[PDB]
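Source file: structure.pdb. Holds: PDB, C-alpha atoms and all ligand atoms.
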```pdb
MODEL        1
ATOM      1  CA  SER A   2     106.043  95.988  80.038
ATOM      2  CA  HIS A   3     104.081  94.169  82.731
ATOM      3  CA  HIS A   4     101.191  91.763  81.998
ATOM      4  CA  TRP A   5      99.484  91.312  85.301
ATOM      5  CA  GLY A   6      95.800  90.706  85.722
ATOM      6  CA  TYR A   7      93.278  88.559  87.550
ATOM      7  CA  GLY A   8      93.308  85.271  85.576
ATOM      8  CA  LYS A   9      94.946  81.935  86.508
ATOM      9  CA  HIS A  10      98.010  82.715  84.595
ATOM     10  CA  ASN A  11      98.598  86.324  85.612
ATOM     11  CA  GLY A  12      96.608  86.751  88.812
ATOM     12  CA  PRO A  13      97.505  87.746  92.368
ATOM     13  CA  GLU A  14      99.477  84.592  93.089
ATOM     14  CA  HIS A  15     101.931  85.506  90.284
ATOM     15  CA  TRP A  16     102.409  89.234  91.049
ATOM     16  CA  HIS A  17     105.338  88.656  93.384
ATOM     17  CA  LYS A  18     107.660  87.659  90.518
ATOM     18  CA  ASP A  19     107.649  91.104  88.928
ATOM     19  CA  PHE A  20     106.703  92.963  92.143
ATOM     20  CA  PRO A  21     108.477  91.326  95.123
ATOM     21  CA  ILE A  22     106.845  93.782  97.596
ATOM     22  CA  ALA A  23     103.742  91.631  97.060
ATOM     23  CA  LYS A  24     105.098  89.619  99.981
ATOM     24  CA  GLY A  25     105.895  92.709 102.066
ATOM     25  CA  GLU A  26     105.097  93.769 105.578
ATOM     26  CA  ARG A  27     102.193  96.150 104.901
ATOM     27  CA  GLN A  28     100.218  94.700 102.014
ATOM     28  CA  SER A  29      96.538  95.284 101.290
ATOM     29  CA  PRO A  30      93.767  94.304 101.438
ATOM     30  CA  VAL A  31      93.335  92.578 104.779
ATOM     31  CA  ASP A  32      90.534  90.871 106.695
ATOM     32  CA  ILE A  33      89.076  93.240 109.319
ATOM     33  CA  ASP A  34      88.456  91.194 112.412
ATOM     34  CA  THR A  35      85.836  93.327 114.177
ATOM     35  CA  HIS A  36      86.564  91.708 117.562
ATOM     36  CA  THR A  37      90.249  92.528 117.455
ATOM     37  CA  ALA A  38      90.010  96.108 116.049
ATOM     38  CA  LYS A  39      90.106  98.571 118.922
ATOM     39  CA  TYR A  40      88.334 101.889 119.305
ATOM     40  CA  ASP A  41      90.910 104.666 119.215
ATOM     41  CA  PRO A  42      89.798 107.859 121.039
ATOM     42  CA  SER A  43      92.827 109.642 119.565
ATOM     43  CA  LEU A  44      91.348 109.620 116.065
ATOM     44  CA  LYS A  45      90.158 113.111 115.075
ATOM     45  CA  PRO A  46      86.854 113.606 113.236
ATOM     46  CA  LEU A  47      86.927 112.517 109.497
ATOM     47  CA  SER A  48      86.298 115.320 107.027
ATOM     48  CA  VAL A  49      85.146 114.505 103.499
ATOM     49  CA  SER A  50      84.985 117.833 101.567
ATOM     50  CA  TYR A  51      83.759 117.075  98.078
ATOM     51  CA  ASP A  52      81.602 120.186  97.334
ATOM     52  CA  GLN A  53      83.991 121.583  94.738
ATOM     53  CA  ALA A  54      84.914 118.216  93.111
ATOM     54  CA  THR A  55      85.429 118.447  89.351
ATOM     55  CA  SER A  56      85.200 115.113  87.541
ATOM     56  CA  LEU A  57      86.670 114.965  84.053
ATOM     57  CA  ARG A  58      86.695 111.583  82.432
ATOM     58  CA  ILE A  59      86.076 107.866  82.841
ATOM     59  CA  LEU A  60      88.617 105.362  81.566
ATOM     60  CA  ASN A  61      88.669 101.542  81.166
ATOM     61  CA  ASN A  62      92.321 100.736  81.989
ATOM     62  CA  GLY A  63      92.010  96.979  81.431
ATOM     63  CA  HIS A  64      91.893  96.326  85.171
ATOM     64  CA  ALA A  65      88.926  98.449  86.341
ATOM     65  CA  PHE A  66      87.430 101.773  85.350
ATOM     66  CA  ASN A  67      88.627 105.044  86.808
ATOM     67  CA  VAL A  68      86.535 108.200  87.268
ATOM     68  CA  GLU A  69      89.216 110.873  87.145
ATOM     69  CA  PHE A  70      89.102 114.306  88.848
ATOM     70  CA  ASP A  71      90.869 117.621  88.338
ATOM     71  CA  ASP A  72      93.432 117.554  91.174
ATOM     72  CA  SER A  73      95.374 120.719  90.072
ATOM     73  CA  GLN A  74      93.962 122.490  93.185
ATOM     74  CA  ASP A  75      92.370 121.528  96.503
ATOM     75  CA  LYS A  76      88.895 121.021  95.031
ATOM     76  CA  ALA A  77      87.912 117.794  96.758
ATOM     77  CA  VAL A  78      89.856 116.752  99.825
ATOM     78  CA  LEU A  79      89.951 114.266 102.660
ATOM     79  CA  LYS A  80      91.280 115.333 106.057
ATOM     80  CA  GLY A  81      91.016 114.347 109.709
ATOM     81  CA  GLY A  82      90.634 110.858 111.083
ATOM     82  CA  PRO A  83      94.048 109.257 111.194
ATOM     83  CA  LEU A  84      95.415 111.742 108.646
ATOM     84  CA  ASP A  85      97.926 114.513 109.133
ATOM     85  CA  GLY A  86      97.341 117.227 106.667
ATOM     86  CA  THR A  87      95.366 117.429 103.367
ATOM     87  CA  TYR A  88      94.740 114.662 100.811
ATOM     88  CA  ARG A  89      93.408 115.559  97.361
ATOM     89  CA  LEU A  90      90.958 113.346  95.441
ATOM     90  CA  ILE A  91      92.456 112.118  92.147
ATOM     91  CA  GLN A  92      90.192 109.254  91.071
ATOM     92  CA  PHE A  93      87.779 106.571  92.137
ATOM     93  CA  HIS A  94      87.292 103.034  90.928
ATOM     94  CA  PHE A  95      85.724  99.738  92.010
ATOM     95  CA  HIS A  96      86.564  96.072  92.441
ATOM     96  CA  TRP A  97      83.768  93.537  91.917
ATOM     97  CA  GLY A  98      82.873  89.902  91.476
ATOM     98  CA  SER A  99      81.364  87.500  88.968
ATOM     99  CA  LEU A 100      78.677  86.620  91.627
ATOM    100  CA  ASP A 101      77.158  88.779  94.413
ATOM    101  CA  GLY A 102      79.006  86.683  97.083
ATOM    102  CA  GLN A 103      82.435  87.975  96.156
ATOM    103  CA  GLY A 104      84.109  91.114  94.796
ATOM    104  CA  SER A 105      85.394  93.133  97.735
ATOM    105  CA  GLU A 106      89.104  93.292  98.539
ATOM    106  CA  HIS A 107      88.795  93.994 102.223
ATOM    107  CA  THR A 108      86.662  91.519 104.154
ATOM    108  CA  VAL A 109      84.822  91.948 107.489
ATOM    109  CA  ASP A 110      85.047  88.895 109.753
ATOM    110  CA  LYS A 111      85.829  87.023 106.479
ATOM    111  CA  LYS A 112      82.645  88.321 104.796
ATOM    112  CA  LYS A 113      83.097  89.295 101.166
ATOM    113  CA  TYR A 114      80.897  92.031  99.779
ATOM    114  CA  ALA A 115      79.692  92.212  96.145
ATOM    115  CA  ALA A 116      82.062  95.105  95.379
ATOM    116  CA  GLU A 117      84.302  97.770  96.918
ATOM    117  CA  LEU A 118      84.679 101.454  95.955
ATOM    118  CA  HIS A 119      88.096 103.111  96.332
ATOM    119  CA  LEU A 120      88.291 106.899  96.467
ATOM    120  CA  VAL A 121      92.015 107.629  95.998
ATOM    121  CA  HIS A 122      93.621 110.752  97.479
ATOM    122  CA  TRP A 123      97.220 112.009  97.643
ATOM    123  CA  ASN A 124      99.016 113.958 100.365
ATOM    124  CA  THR A 125      99.515 117.506  99.095
ATOM    125  CA  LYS A 127     102.760 117.887 101.115
ATOM    126  CA  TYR A 128     104.423 115.823  98.375
ATOM    127  CA  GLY A 129     103.334 118.060  95.502
ATOM    128  CA  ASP A 130     102.225 115.418  92.941
ATOM    129  CA  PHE A 131     100.804 111.893  92.945
ATOM    130  CA  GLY A 132     103.960 110.324  91.580
ATOM    131  CA  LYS A 133     106.024 111.684  94.466
ATOM    132  CA  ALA A 134     103.337 110.780  96.980
ATOM    133  CA  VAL A 135     103.308 107.078  96.089
ATOM    134  CA  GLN A 136     107.015 106.917  97.092
ATOM    135  CA  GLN A 137     106.144 107.872 100.687
ATOM    136  CA  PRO A 138     104.718 105.783 103.533
ATOM    137  CA  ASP A 139     102.038 108.422 104.139
ATOM    138  CA  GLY A 140     101.575 109.406 100.524
ATOM    139  CA  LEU A 141      98.005 108.232  99.852
ATOM    140  CA  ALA A 142      94.720 107.876 101.683
ATOM    141  CA  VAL A 143      92.180 105.514 100.140
ATOM    142  CA  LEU A 144      88.577 105.674 101.348
ATOM    143  CA  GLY A 145      87.071 102.247 100.877
ATOM    144  CA  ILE A 146      83.306 101.670 100.784
ATOM    145  CA  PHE A 147      81.609  98.268 100.529
ATOM    146  CA  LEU A 148      78.778  97.569  98.145
ATOM    147  CA  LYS A 149      75.976  95.087  98.838
ATOM    148  CA  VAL A 150      73.191  94.175  96.441
ATOM    149  CA  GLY A 151      69.732  95.378  97.403
ATOM    150  CA  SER A 152      68.081  98.717  96.543
ATOM    151  CA  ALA A 153      69.521 100.787  93.739
ATOM    152  CA  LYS A 154      71.938 103.622  94.497
ATOM    153  CA  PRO A 155      70.625 106.592  92.551
ATOM    154  CA  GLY A 156      73.930 108.410  92.624
ATOM    155  CA  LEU A 157      75.639 105.493  90.932
ATOM    156  CA  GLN A 158      73.371 105.379  87.879
ATOM    157  CA  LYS A 159      75.288 108.007  85.827
ATOM    158  CA  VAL A 160      78.373 105.811  86.178
ATOM    159  CA  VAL A 161      76.444 102.671  85.196
ATOM    160  CA  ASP A 162      74.988 104.305  82.128
ATOM    161  CA  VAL A 163      78.301 105.411  80.663
ATOM    162  CA  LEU A 164      79.869 101.935  80.878
ATOM    163  CA  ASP A 165      78.470 100.874  77.472
ATOM    164  CA  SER A 166      80.756 103.568  75.969
ATOM    165  CA  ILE A 167      83.926 102.286  77.619
ATOM    166  CA  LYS A 168      83.487  98.575  77.210
ATOM    167  CA  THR A 169      87.076  97.707  76.324
ATOM    168  CA  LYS A 170      90.581  98.477  77.535
ATOM    169  CA  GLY A 171      91.846 101.911  76.537
ATOM    170  CA  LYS A 172      88.447 103.438  75.917
ATOM    171  CA  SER A 173      87.517 106.663  77.706
ATOM    172  CA  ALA A 174      84.550 109.063  77.746
ATOM    173  CA  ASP A 175      83.969 112.616  78.960
ATOM    174  CA  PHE A 176      82.540 112.422  82.532
ATOM    175  CA  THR A 177      82.044 115.931  83.870
ATOM    176  CA  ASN A 178      79.828 117.123  86.673
ATOM    177  CA  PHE A 179      79.685 113.822  88.590
ATOM    178  CA  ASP A 180      79.151 114.302  92.336
ATOM    179  CA  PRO A 181      81.016 111.634  94.354
ATOM    180  CA  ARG A 182      79.009 112.601  97.468
ATOM    181  CA  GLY A 183      76.223 110.467  96.031
ATOM    182  CA  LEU A 184      78.304 107.316  96.608
ATOM    183  CA  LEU A 185      78.770 107.719 100.373
ATOM    184  CA  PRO A 186      76.734 105.938 103.056
ATOM    185  CA  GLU A 187      75.063 107.893 105.885
ATOM    186  CA  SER A 188      77.651 107.089 108.522
ATOM    187  CA  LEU A 189      81.356 107.874 108.335
ATOM    188  CA  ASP A 190      82.261 105.301 111.042
ATOM    189  CA  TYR A 191      85.468 103.557 109.854
ATOM    190  CA  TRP A 192      88.379 101.230 110.413
ATOM    191  CA  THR A 193      91.921 102.360 109.598
ATOM    192  CA  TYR A 194      95.303 100.699 109.135
ATOM    193  CA  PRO A 195      98.573 101.232 107.176
ATOM    194  CA  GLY A 196      98.806  99.343 103.891
ATOM    195  CA  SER A 197      99.435  99.307 100.213
ATOM    196  CA  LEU A 198      98.106  99.708  96.731
ATOM    197  CA  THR A 199      96.068  96.529  96.016
ATOM    198  CA  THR A 200      97.328  96.293  92.396
ATOM    199  CA  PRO A 201     100.838  96.399  90.983
ATOM    200  CA  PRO A 202     103.113  98.144  91.794
ATOM    201  CA  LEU A 203     101.778  97.273  95.278
ATOM    202  CA  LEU A 204     103.543 100.239  96.874
ATOM    203  CA  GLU A 205     103.342 100.519 100.673
ATOM    204  CA  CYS A 206     102.127 104.112 100.620
ATOM    205  CA  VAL A 207      98.508 103.990 101.753
ATOM    206  CA  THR A 208      96.575 104.929 104.861
ATOM    207  CA  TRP A 209      93.412 102.857 104.470
ATOM    208  CA  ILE A 210      90.129 104.220 105.775
ATOM    209  CA  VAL A 211      87.389 101.587 105.297
ATOM    210  CA  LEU A 212      83.827 102.651 106.117
ATOM    211  CA  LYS A 213      81.758 100.264 108.244
ATOM    212  CA  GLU A 214      78.421 101.015 106.575
ATOM    213  CA  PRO A 215      78.065  99.510 103.078
ATOM    214  CA  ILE A 216      76.117 101.206 100.327
ATOM    215  CA  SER A 217      73.335  99.323  98.610
ATOM    216  CA  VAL A 218      73.312  98.996  94.825
ATOM    217  CA  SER A 219      70.843  97.045  92.678
ATOM    218  CA  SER A 220      71.508  93.719  90.989
ATOM    219  CA  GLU A 221      70.937  95.486  87.695
ATOM    220  CA  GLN A 222      73.622  98.083  88.505
ATOM    221  CA  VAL A 223      76.281  95.502  89.393
ATOM    222  CA  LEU A 224      75.282  93.367  86.397
ATOM    223  CA  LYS A 225      76.306  96.262  84.207
ATOM    224  CA  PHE A 226      79.770  96.418  85.805
ATOM    225  CA  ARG A 227      80.094  92.739  84.826
ATOM    226  CA  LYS A 228      79.561  93.497  81.110
ATOM    227  CA  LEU A 229      82.825  95.434  80.896
ATOM    228  CA  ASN A 230      85.802  93.833  79.252
ATOM    229  CA  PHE A 231      89.405  93.341  80.360
ATOM    230  CA  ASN A 232      90.407  93.021  76.680
ATOM    231  CA  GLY A 233      90.773  95.645  74.026
ATOM    232  CA  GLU A 234      88.459  96.278  71.109
ATOM    233  CA  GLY A 235      88.277  93.457  68.630
ATOM    234  CA  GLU A 236      90.039  90.953  70.933
ATOM    235  CA  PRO A 237      88.425  87.810  72.371
ATOM    236  CA  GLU A 238      86.012  88.773  75.097
ATOM    237  CA  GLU A 239      87.162  88.396  78.673
ATOM    238  CA  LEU A 240      84.531  89.824  80.981
ATOM    239  CA  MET A 241      85.867  92.268  83.613
ATOM    240  CA  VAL A 242      84.834  90.368  86.721
ATOM    241  CA  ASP A 243      86.684  89.240  89.854
ATOM    242  CA  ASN A 244      89.185  92.106  89.650
ATOM    243  CA  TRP A 245      89.912  91.876  93.381
ATOM    244  CA  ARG A 246      93.053  90.846  95.312
ATOM    245  CA  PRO A 247      92.356  88.520  98.278
ATOM    246  CA  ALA A 248      93.208  89.397 101.866
ATOM    247  CA  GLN A 249      96.946  89.516 102.738
ATOM    248  CA  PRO A 250      98.730  88.748 105.991
ATOM    249  CA  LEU A 251      98.190  91.405 108.677
ATOM    250  CA  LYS A 252     101.700  90.941 110.058
ATOM    251  CA  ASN A 253     102.624  93.523 112.691
ATOM    252  CA  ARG A 254      99.658  95.817 112.194
ATOM    253  CA  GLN A 255      96.705  96.945 114.212
ATOM    254  CA  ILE A 256      93.400  97.998 112.803
ATOM    255  CA  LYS A 257      91.836 100.901 114.689
ATOM    256  CA  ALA A 258      88.113 101.702 114.870
ATOM    257  CA  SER A 259      86.686 105.208 114.927
ATOM    258  CA  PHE A 260      83.601 104.076 116.828
ATOM    259  CA  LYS A 261      82.712 102.344 120.050
TER     260      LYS A 261
HETATM  261  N1  LIG B   1      93.222  99.616  94.490
HETATM  262  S1  LIG B   1      93.961 100.859  95.195
HETATM  263  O1  LIG B   1      94.888 100.376  96.200
HETATM  264  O2  LIG B   1      92.993 101.883  95.599
HETATM  265  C1  LIG B   1      94.943 101.619  93.950
HETATM  266  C2  LIG B   1      94.998 103.007  93.863
HETATM  267  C3  LIG B   1      95.812 103.605  92.945
HETATM  268  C4  LIG B   1      96.554 102.847  92.070
HETATM  269  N2  LIG B   1      97.420 103.351  91.081
HETATM  270  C5  LIG B   1      97.287 104.471  90.384
HETATM  271  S2  LIG B   1      95.911 105.390  90.358
HETATM  272  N3  LIG B   1      98.412 104.791  89.595
HETATM  273  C6  LIG B   1      99.792 104.461  89.795
HETATM  274  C7  LIG B   1     100.634 104.480  88.694
HETATM  275  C8  LIG B   1     101.987 104.201  88.811
HETATM  276  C9  LIG B   1     102.559 103.912  90.034
HETATM  277  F1  LIG B   1     103.922 103.644  90.153
HETATM  278  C10 LIG B   1     101.719 103.908  91.132
HETATM  279  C11 LIG B   1     100.353 104.156  91.029
HETATM  280  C12 LIG B   1      96.548 101.464  92.135
HETATM  281  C13 LIG B   1      95.731 100.853  93.085
HETATM  282 NA    NA B   2      87.639 109.742 113.508
HETATM  283 NA    NA B   3      74.198 102.919 102.979
HETATM  284 ZN    ZN B   4      91.274  99.754  94.309
ENDMDL
END
```
Any chance you could give the structure as structure tokens?
Amino acid sequence: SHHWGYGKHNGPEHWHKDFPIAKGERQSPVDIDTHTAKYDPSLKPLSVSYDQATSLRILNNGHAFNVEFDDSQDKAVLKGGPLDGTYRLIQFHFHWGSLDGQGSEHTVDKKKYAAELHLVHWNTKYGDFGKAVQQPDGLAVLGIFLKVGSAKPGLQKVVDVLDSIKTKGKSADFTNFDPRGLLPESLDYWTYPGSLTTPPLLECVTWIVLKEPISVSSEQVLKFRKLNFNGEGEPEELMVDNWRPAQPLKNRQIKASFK
């Protein structure tokens, strides 16, 4: 069984030994150089259709926490933009720092944000998530930066349940959560082909990274930082700095949806 994480001994610089694709040609995250990304008039309008989203549960997996959705039907889907066809929401999670000056996976002109939200969707032409991650167009991840400032009211229900899932393997019922409350006003975005940012690092993702960050309060992010990577009863290792740094861009171009 694998033992990867974010520490010195098991962090991103070690992942390649068990997961050689770590050094592949389309790894994520990347730095988004805003002066090299080009506006693409071919991109169709982005469609985020979350009205019928059905959240179920929140889980501390020892790496982050996942808010999981019922994806047994097209209840919450992402379409348009660079995407061909229909991508179903399965879960969201975050990456964050020990300090407000770090935490995001993607960077913007080398700027690190305090955190990054990933809304994970799978291409319904492949039938199930497990099949989709074996395809180069299997997933679409909508990435949203978080900066510290004013509180995000739509985040507070997530913050308040974290006390109940402090340690690895703990879960809690998490019904009726509306992920629309985590979006910024603008859907302007950058897009490029990449990968999962954790093991197994599969090169199956179309990344759609929104330009406009959301603002969360210091108190909200402080509560993320009280989570634990460890299991119950084990020595405490605070769940902080669960982000992979930027990877080589290699042959890829980042396209902008906006002028
Ligand atoms: N940070 S991320 O790139 O958005 C990201 C999104 C999703 C996942 N993996 C999930 S949900 N399960 C999974 C399990 C077994 C596999 F073989 C493959 C994937 C990891 C990272
Ligand atoms: Na677009
Ligand atoms: Na915003
Ligand atoms: Zn992620």
Closest-contact table, region 96-162 of chain A side, partner region 36-52 of chain A, 12 Å, counting only C-alpha atoms, as a tab-separated table:
```
residue	atom	partner	partner_atom	distance
A:109	CA	A:36	CA	10.2
A:110	CA	A:36	CA	8.4
A:120	CA	A:49	CA	10.8
A:122	CA	A:49	CA	11.1
A:142	CA	A:49	CA	11.8
A:143	CA	A:49	CA	11.9
A:144	CA	A:49	CA	9.7
```
Protein and nucleic acid residues within 10 Å of ligand LIG 1 (chain B) (only C-alpha atoms and all ligand atoms) as an mmCIF file with C-alpha atoms, keeping the file's coordinate frame:
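The result, stored in pocket-v2.cif:
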```cif
data_model
loop_
_atom_site.group_PDB
_atom_site.id
_atom_site.type_symbol
_atom_site.label_atom_id
_atom_site.label_comp_id
_atom_site.auth_asym_id
_atom_site.auth_seq_id
_atom_site.Cartn_x
_atom_site.Cartn_y
_atom_site.Cartn_z
ATOM 1 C CA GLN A 28 100.218 94.700 102.014
ATOM 2 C CA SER A 29 96.538 95.284 101.290
ATOM 3 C CA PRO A 30 93.767 94.304 101.438
ATOM 4 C CA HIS A 64 91.893 96.326 85.171
ATOM 5 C CA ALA A 65 88.926 98.449 86.341
ATOM 6 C CA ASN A 67 88.627 105.044 86.808
ATOM 7 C CA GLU A 69 89.216 110.873 87.145
ATOM 8 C CA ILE A 91 92.456 112.118 92.147
ATOM 9 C CA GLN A 92 90.192 109.254 91.071
ATOM 10 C CA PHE A 93 87.779 106.571 92.137
ATOM 11 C CA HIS A 94 87.292 103.034 90.928
ATOM 12 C CA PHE A 95 85.724 99.738 92.010
ATOM 13 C CA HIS A 96 86.564 96.072 92.441
ATOM 14 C CA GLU A 106 89.104 93.292 98.539
ATOM 15 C CA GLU A 117 84.302 97.770 96.918
ATOM 16 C CA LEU A 118 84.679 101.454 95.955
ATOM 17 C CA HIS A 119 88.096 103.111 96.332
ATOM 18 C CA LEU A 120 88.291 106.899 96.467
ATOM 19 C CA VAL A 121 92.015 107.629 95.998
ATOM 20 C CA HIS A 122 93.621 110.752 97.479
ATOM 21 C CA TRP A 123 97.220 112.009 97.643
ATOM 22 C CA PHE A 131 100.804 111.893 92.945
ATOM 23 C CA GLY A 132 103.960 110.324 91.580
ATOM 24 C CA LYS A 133 106.024 111.684 94.466
ATOM 25 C CA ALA A 134 103.337 110.780 96.980
ATOM 26 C CA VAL A 135 103.308 107.078 96.089
ATOM 27 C CA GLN A 136 107.015 106.917 97.092
ATOM 28 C CA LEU A 141 98.005 108.232 99.852
ATOM 29 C CA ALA A 142 94.720 107.876 101.683
ATOM 30 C CA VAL A 143 92.180 105.514 100.140
ATOM 31 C CA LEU A 144 88.577 105.674 101.348
ATOM 32 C CA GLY A 145 87.071 102.247 100.877
ATOM 33 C CA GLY A 196 98.806 99.343 103.891
ATOM 34 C CA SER A 197 99.435 99.307 100.213
ATOM 35 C CA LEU A 198 98.106 99.708 96.731
ATOM 36 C CA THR A 199 96.068 96.529 96.016
ATOM 37 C CA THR A 200 97.328 96.293 92.396
ATOM 38 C CA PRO A 201 100.838 96.399 90.983
ATOM 39 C CA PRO A 202 103.113 98.144 91.794
ATOM 40 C CA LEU A 203 101.778 97.273 95.278
ATOM 41 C CA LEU A 204 103.543 100.239 96.874
ATOM 42 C CA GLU A 205 103.342 100.519 100.673
ATOM 43 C CA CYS A 206 102.127 104.112 100.620
ATOM 44 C CA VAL A 207 98.508 103.990 101.753
ATOM 45 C CA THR A 208 96.575 104.929 104.861
ATOM 46 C CA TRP A 209 93.412 102.857 104.470
ATOM 47 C CA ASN A 244 89.185 92.106 89.650
ATOM 48 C CA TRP A 245 89.912 91.876 93.381
ATOM 49 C CA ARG A 246 93.053 90.846 95.312
#
```
Given the PyMOL selection byres (((chain A and resi 227) around 8) and not hetatm), the residues it picks as a PyMOL selection string: chain A and resi 98-99+223-226+228-229+240-242
Residues within 9 Å of residue 146 (chain A), only C-alpha atoms, excluding chain neighbours under 5 positions, as an MDAnalysis selection string: chainID A and resid 116:120 184:186 210:216
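Pairwise distance (CA of residue 250 (chain A), CA of residue 12 (chain A)) equals 17.4 Å.
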Gap from CA of residue 84 (chain A) to CA of residue 191 (chain A) - Å, one decimal: 12.9 Å
Contacts of residue 160 (chain A) at 9 Å (all atoms listed in the file; same-chain gap of 2+ positions) as a list in words: residues 59, 68, 156, 157, 158, 162, 163, 164, 176 and 179 of chain A
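Nearest residue to ligand NA 3 (chain B), choosing from A:148, A:23, A:78, A:57 and counting only C-alpha atoms and all ligand atoms: A:148.
Take the PyMOL selection byres (((chain A and resi 152) around 6) and not hetatm) and apply it to this file: it picks residues 151, 153, 217, 218 and 219 of chain A.
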Could you take the residues named above and write them with C-alpha atoms, as a compact mmCIF listing (two decimals), in the coordinates of the input?
```
# COMPACT_ATOMS: atom_id res chain seq x y z
CA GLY A 151 69.73 95.38 97.40
CA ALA A 153 69.52 100.79 93.74
CA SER A 217 73.33 99.32 98.61
CA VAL A 218 73.31 99.00 94.82
CA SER A 219 70.84 97.04 92.68
```
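Using only C-alpha atoms and all ligand atoms, the smallest distance between any of A:8, A:82, A:13, A:21 and ligand NA 2 (chain B) comes from A:82.
When all atoms listed in the file are used to compute distances to ligand ZN 4 (chain B), the closest of the residues A:127, A:107, A:17, A:112 turns out to be A:107.
Relative to atom NA of ligand NA 3 (chain B), CA of residue 154 (chain A) is found at 8.8 Å.
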Expansion of the PyMOL selection byres (((chain A and resi 254) around 10) and not hetatm) into residues, as a ChimeraX atom specification: /A:26-27,194-196,250-253,255-257
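Candidate residues A:124, A:56, A:188, A:232 were compared for distance to ligand NA 2 (chain B), and the nearest is A:188, using all atoms listed in the file.
Each of A:104, A:129, A:171, A:83 was checked against ligand ZN 4 (chain B) using only C-alpha atoms and all ligand atoms; the smallest atom-to-atom distance is that of A:104.
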